[PDB]
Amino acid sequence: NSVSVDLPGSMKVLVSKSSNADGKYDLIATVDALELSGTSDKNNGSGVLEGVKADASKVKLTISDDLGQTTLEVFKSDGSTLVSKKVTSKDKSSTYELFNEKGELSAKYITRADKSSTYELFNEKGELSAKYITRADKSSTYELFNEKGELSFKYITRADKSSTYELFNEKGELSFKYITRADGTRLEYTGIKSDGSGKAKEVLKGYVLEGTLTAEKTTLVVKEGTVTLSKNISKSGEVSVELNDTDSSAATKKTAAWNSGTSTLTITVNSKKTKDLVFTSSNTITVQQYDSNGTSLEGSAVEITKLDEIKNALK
């Protein structure tokens, strides 16, 4: 008679209660349609079991002494050229390797305790041709490589539901990046140089802002007369806004203060606050005027629909 033992990788092994003619315990398990058999010094279900299919391909199940991992190998009829290998741990992490006709690594799937995973594809040269990475927060990264193993393309989805397409030049350097936010506003970077500089544009509902990219930050600029509004976006997506006016008259010169907590730029002329520009979480801009004391806001905040309207607010 036998005991059934649960193993990592949703497998079972049957161990004899009594040892055999040689002092060993007899093992049986079923993989695919095939009964594997083996023997072990231990009676806990650990050991090696093997079988041979009708096509003479071979299956080997290796169960570690503490039942902490299983290895399942499938071989061609020569007994040494791998078809597949699956290593599964007690902690539910596993590596699955797939081999091509030659017995060389063709694809590899890795899953982890956290439920994250990686899929890798390999070419005729045994080099990594594509990789898809899923993390536990739902986010993912897909990478395509070229004959030199440099990036040709990359697509990233995030938890915030943004997506990014990245294209790379012949040398594997980022050349273009296209970010689509969940709300459908976009950032687009073109002509990106080896140092991470290039041209930038932010696509908002009803208008576009233009500017430049450095490795440090994105700077989008709006000029009207002598005033220059600059909207800065760090690599991490943190917005900060500034204003400079070359007007030297204390009567007409605009200055401003940025409040990071309220995402609000407050414009001042001649010692009095004149308006608040709010840079909202919906990726809109609203403008609202202060009263003649520069002390309280009047009327209601007005959502900007056009770049001319931003320019108007800077006059």
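Start at 1 and count along the sequence shown; that's the residue number.
In the PDB record, does 67-75 or 134-142 carry the higher mean Cα temperature factor?
In the deposited entry, the stretch with the higher C-alpha B-factor mean is 134-142.
Test of understanding: from the entry's C-alpha B-factors, which stretch has the higher mean, 118-126 or 191-199?
Mean C-alpha B-factor is greater for 118-126.
Candidate residues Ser281, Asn44, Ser57, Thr252, the one whose C-alpha B factor the record puts highest
The listed residue with the largest C-alpha B-factor is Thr252.
In terms of CA temperature factor as recorded, identify the highest of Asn232, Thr228, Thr111, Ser84.
So the option with the highest C-alpha B-factor is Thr111.
Among modelled residues of the same chain, the CA temperature factor third for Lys90
Highest third, going by the recorded CA B-factors of the chain.
Lowest, middle or highest third - CA B-factor, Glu238
Top third by C-alpha B-factor.
Compare the C-alpha B factor of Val302 with those of the other modelled residues in its chain, then answer lowest, middle or highest third.
Lowest third - that is where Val302 ends up once the chain's C-alpha B-factors are sorted.
Sorting by Cα B-factor within the chain, modelled residues only, which third would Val269 end up in: lowest, middle or highest?
As the PDB entry reports it, the C-alpha B-factor of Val269 lands in the highest third of its chain.
Test of reading the entry: by CA B factor among the chain's modelled residues, which third contains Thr212?
Within its chain, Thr212 is a lowest-third residue by C-alpha B-factor, going by the deposited values.
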